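**Q** I have a structure here, written as C-alpha cells, and I will follow up with some questions on it.
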C-alpha cells in the first residue's frame with residue numbers, strides 16, 4: 035500500500051467536503067453541504083458516510099475530493115463501497131479528475147463506477164454499472180467514452196463490494212469484486228498520463244438518471260435519508 | 035470492390051423497406067413506411083432518399099436493411115451521406131447488425147455513425164457524432180460501448196460526407212471524410228466475427244435525442260418534410 039484511508043476519522047489533510055447549490059452540475063437536484071459528509075459506524079466498521087436527504091422539496095447530499103492533497107499516476111486504486119438502492123434517481127459515483135488547474139473536461143475524468151443511469155430503470160437498476168472517461172480541451176470540445184453492463188448479482192444488496200482501477204501507460208482497467216469489468220485504451224490519449232485526485236459523491240437526479248424535476252423524484256421521499264458508505268480506499 | 039450500390043434504382047434483391055408503428059424502438063416518434071423511402075435525383079446525383087414528414091401530430095420516415103440479402107465480414111464499408119440539420123430531434127444513422135436470427139443485442143450491432151444526440155443540443160449538433168457497439172446474450176444482459184465527439188466542420192452543411200468502417204479480427208475503426216474518428220477493440224468480443232448486414236434510417240425523437248414527446252419536438256414542424264440522402268454504399 036502506497037496509501038490507505040480506513041475512515042476512522044475525516045482526514046482534512048487528504049479530503050475536502052464540497053458545498054454547491056442545487057443544479058451546479060448535470061441538472062442535479064441536490065445541494066452539496068458539509069453536514070451530509072460524516073465518518074461513523076456501520077456495525078463493526080468505521081466508514082465514510084455520504085447522506086442524501088429530502089426536506090420538503092429541498093435535497094441535500096455529500097461530495098468529497100482529494101484535489102491538492104492526495105493524487106497519483108499509474109497505480110491501482112481500490113475502494114470498498116456499500117451502495118443504496120438507486121431506482122428513482124440516486125446517482126452514486128467513485129471517480130477521478132486531473133490534479134491541475136484545467137477546467138473539466140480538460141483536466142481529464144475517470145468515472146470508475148457509477149450507478150443509477152436512466153436506461154437501468157428495461158434492465159435492472161441494482162445491477163447496471165457505468166464506467167467512462169471524459170476529456171477534450173473545453174466543454175464545447177468534450178469527448179467521452181462509455182461502457183455500460185449488468186453484473187451477475189445486485190451491488191445494492193446491503194453488502195460492501197470492491198471497485199478497482201488498474202492504471203498504466205496503455206490501459207485503464209476497471210474491476211468489480213476483483214473480476215475485470217472493462218478496459219479503456221489510453222496508449223495515445225494525452226489526458227491520462229499525469230496525477231489524478233479522487234472523488235466520491237451521492238448525486239440525486241440529474242441528466243444521467245433522467246430525473247431533473249423534483250416532482251419526478253421517486254427514490255427519496257420527504258424526510259428520508261439514504262446513505263452511501265465507503266469502508267476504505269487504498270492505492271497500491 | 036466486393037459490392038457497390040450507386041442507388042440508380044431501389045434494388046429489392048439487396049434492400050428491404052421497413053414498416054413499423056410509432057414507438058417500436060427507443061421511444062421513437064416516427065412510424066416507418068415504404069412511402070418514405072425513395073430513389074431520386076439530388077442535382078445530377080441519383081441517391082437513396084429517406085424522408086421524415088409531419089402531418090398533424092403523426093410522424094413518418096424511412097428505414098431500410100439488407101438482412102438476408104447482402105452481408106459481409108472483415109471488409110471496409112463506406113457510404114456517402116448528406117444529412118439534414120438534426121437540431122430538435124432528428125436521429126439519422128448508418129449501422130449494421132449480425133445477419134442471423136438472434137434477437138438484438140445478441141445479433142450484435144455496429145453504429146458506424148449517428149447524429150442527433152441529446153448533449154449535442157452545450158455541444159454543436161452539426162458536428163457531434165456518436166459511434167457505438169451493442170452486444171450480449173439478451174436484452175437483460177445488454178452491453179454497450181460508445182464514443183461521442185465533434186469532427187472539425189459541419190456534417191449538416193448541404194454536402195455529402197464519406198462514413199467508413201474498417202473491420203478486422205482486432206479492430207472496428209470509424210472514419211469521417213478519411214479522418215480516423217474512433218477504434219473499438221473487438222479482439223475478445225465474440226459478437227463481431229460473423230456476417231453483418233447494413234441499415235440506414237432517419238428516426239425522429241427517441242431516448243438518444245432526449246425528445247420522446249411530440250410537444251418537445253422542434254426539428255420537424257407540422258407540414259415539414261426533411262430528407263437524408265445516400266449517394267452510394269460500397270464494400271471493398
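Residue numbers (PDB author numbering), protein chains in the order written: chain BBB, 35 to 155, 157 to 271; chain AAA, 35 to 155, 157 to 271. From the three backbone atoms N, C-alpha and C, an ideal C-beta is built for every residue, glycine too.
Under 8 Å, with one C-beta from each stretch per pair, do the segment 219 to 231 of chain BBB and the segment 112 to 124 of chain BBB reach the 3-pair mark?
**A** Judged by Cβ distances under 8 Å, the segment 219 to 231 of chain BBB makes no contact with the segment 112 to 124 of chain BBB, as fewer than three pairs qualify.
**Q** Measure the alpha-carbon distance for residue 45 of chain BBB versus residue 79 of chain BBB and round it to whole angstroms.
**A** About 17 Å.
**Q** Sorted by chain position, which residues of the same chain lie with C-beta nearer than 6 Å to residue 114 of chain BBB's C-beta, five sequence neighbours on each side aside?
**A** The residues are 195, 197, 266 and 267.
**Q** Smallest Cα separation from residue 240 of chain BBB: which of BBB:41, BBB:53, BBB:58 and BBB:36?
**A** Looking at the Cα atoms, BBB:58 is the closest of the given residues.
**Q** Enumerate in chain order the residues of its own chain whose CB-to-CB distance from residue 182 of chain AAA is below 7 Å, with the five nearest sequence positions on each side excluded.
**A** Counting only Cβ-Cβ distances below 7 Å, and skipping sequence neighbours, we find 166 and 217.
**Q** Tell me whether residue 188 of chain BBB is buried or exposed, calling it buried when 16 or more other Cβ atoms sit within 10 Å of its Cβ.
**A** With fewer than 16 Cβ atoms within 10 Å of its Cβ, residue 188 of chain BBB is classed as exposed.
**Q** Can you name the start and end residues of the beta strand (DSSP E) that residue 89 of chain BBB belongs to?
**A** Run containing residue 89 of chain BBB: 79 to 89, per the beta strand (DSSP E) assignment.
**Q** Between which two residues does the beta strand (DSSP E) holding residue 216 of chain AAA run?
**A** Segment 214 to 220, the beta strand (DSSP E) holding residue 216 of chain AAA.
**Q** Leaving out the 5 sequence neighbours to the left and right, which residues in its chain are closer than 6 Å to residue 139 of chain BBB when beta-carbon positions are compared?
**A** Once the five neighbours on either side are set aside, the close Cβ partners of residue 139 of chain BBB are 169, 170, 171 and 177.
**Q** Report yes if the CB atom of residue 71 of chain AAA is closer than 8 Å to the CB atom of residue 102 of chain AAA, and no otherwise.
**A** No, the pair does not count as a contact, with Cβ atoms beyond the cut-off.
**Q** Can you tell which of BBB:249, BBB:86 and BBB:161 has the C-alpha that lies nearest to the C-alpha of residue 193 of chain BBB?
**A** When only C-alpha atoms are compared, the closest one is BBB:161.
**Q** List the residues of chain AAA that residue 104 of chain BBB touches, going by C-beta distances under 8 Å, in chain order.
**A** Within chain AAA, no residue comes near residue 104 of chain BBB; the closest Cβ sits about 30 Å away, beyond 8 Å.
**Q** Thinking residue 106 of chain BBB and residue 230 of chain BBB are a contact (beta carbons under 8 Å), I'd like their distance in whole angstroms, please.
**A** Contact flag correct, Cβ pair sits at about 6 Å.
**Q** With a threshold of 7 Å (Cβ to nearest heavy atom), would residue 233 of chain BBB be considered close to the ligand HEM?
**A** Because no ligand of any kind appears in the structure shown, any question about the ligand HEM cannot be addressed here.
**Q** Does the CB of residue 183 of chain AAA have a neighbour CB from chain BBB at under 8 Å?
**A** True, the Cβ-Cβ gap to chain BBB drops below 8 Å.
**Q** Mind listing, in chain order, the continuous beta strand (DSSP E) runs of no fewer than 3 residues lying wholly within the segment 118 to 153 of chain BBB?
**A** Whole beta strand (DSSP E) segments, 3+ residues: 124 to 132 and 143 to 148.
**Q** Quick one: which chain AAA residues come within Cβ less than 7 Å of residue 176 of chain BBB?
**A** Under the 7 Å cutoff, chain AAA gives 185.
**Q** Helix, strand or coil for residue 167 of chain AAA? Go by DSSP, reduced to three states.
**A** Residue 167 of chain AAA: strand per DSSP, three-state reduction.
**Q** Do residue 64 of chain AAA and residue 238 of chain AAA come within 8 Å of each other at the CB atom, strictly closer than that value?
**A** In this structure, residue 64 of chain AAA lies closer than 8 Å to residue 238 of chain AAA by Cβ.
**Q** Do residue 270 of chain BBB and residue 36 of chain BBB have their C-beta atoms within less than 8 Å of each other?
**A** Cβ distance < 8 Å, so residue 270 of chain BBB and residue 36 of chain BBB count as in contact.
**Q** Which residues bound the beta strand (DSSP E) around residue 260 of chain BBB?
**A** Run containing residue 260 of chain BBB: 260 to 270, per the beta strand (DSSP E) assignment.
**Q** Between residue 191 of chain AAA and chain BBB, is the shortest Cβ-Cβ distance under 8 Å, so that the two count as touching?
**A** Answer no: the Cβ-Cβ gap between residue 191 of chain AAA and chain BBB never drops below 8 Å.
**Q** Tell me, please, whether the CB atom of residue 142 of chain BBB is closer than 8 Å to any CB atom in chain AAA?
**A** False, the Cβ-Cβ gap to chain AAA never drops below 8 Å.
**Q** Taking its Cβ as the centre, do 16 or more other Cβ atoms sit within 10 Å of residue 259 of chain BBB, making it buried, or is it exposed?
**A** Exposed, since its Cβ has fewer than 16 Cβ neighbours within 10 Å.
**Q** Taking CB distances under 8 Å as the criterion, tell me whether residue 150 of chain BBB reaches chain AAA.
**A** So, not an interface residue.
**Q** Taking the beta strand (DSSP E) that residue 115 of chain BBB falls in, what are its first and last residues?
**A** Segment 111 to 116, the beta strand (DSSP E) holding residue 115 of chain BBB.
**Q** Flag this pair as yes or no: are the beta carbons of residue 129 of chain AAA and residue 111 of chain AAA separated by less than 8 Å?
**A** For residue 129 of chain AAA and residue 111 of chain AAA, no; Cβs fall outside 8 Å.
**Q** Taking a Cβ distance cut-off of 7 Å, strictly less, list which residues of the segment 192 to 222 of chain BBB are near chain AAA, in chain order.
**A** Within the segment 192 to 222 of chain BBB, the qualifying residues are 220.
**Q** Relative to the C-alpha of residue 104 of chain BBB, which residue among BBB:131, BBB:236 and BBB:253 is closest?
**A** Cα-wise, what sits closest to residue 104 of chain BBB is BBB:131.
**Q** Pick out whichever of AAA:201, AAA:153 and AAA:191 has its Cα sitting closest to the Cα of residue 179 of chain BBB.
**A** Checking every option, the nearest Cα to that of residue 179 of chain BBB belongs to AAA:153.
**Q** Distance check for residue 212 of chain BBB and residue 69 of chain AAA, CA to CA, integer angstroms please.
**A** When rounded, the distance between both Cα atoms is 53 Å.
**Q** Need the endpoints of the beta strand (DSSP E) that residue 182 of chain BBB sits in, please.
**A** Unbroken beta strand (DSSP E) run through residue 182 of chain BBB: 178 to 185.
**Q** Measure how close the beta-carbons of residue 174 of chain BBB and residue 157 of chain AAA come, nearest whole angstrom, since I'm counting them as under 8 Å.
**A** 5 Å between Cβ atoms; contact.
**Q** My guess is that residue 50 of chain AAA and residue 99 of chain AAA are in contact by the Cβ rule of under 8 Å, so how many angstroms apart are they, rounded?
**A** Yes, residue 50 of chain AAA and residue 99 of chain AAA are in contact; Cβ-Cβ is about 6 Å, under 8 Å.
**Q** Among residues of its own chain, excluding the 5 on either side of residue 141 of chain BBB, which ones have a beta-carbon nearer than 6 Å to its beta-carbon?
**A** 131, 132 and 134, listed in sequence order.
**Q** Leaving aside the five residues before and after residue 93 of chain BBB along the sequence, list all residues of the same chain whose C-beta is less than 6 Å from its C-beta, in chain order.
**A** The answer, listed in chain order, is 63, 64 and 239.
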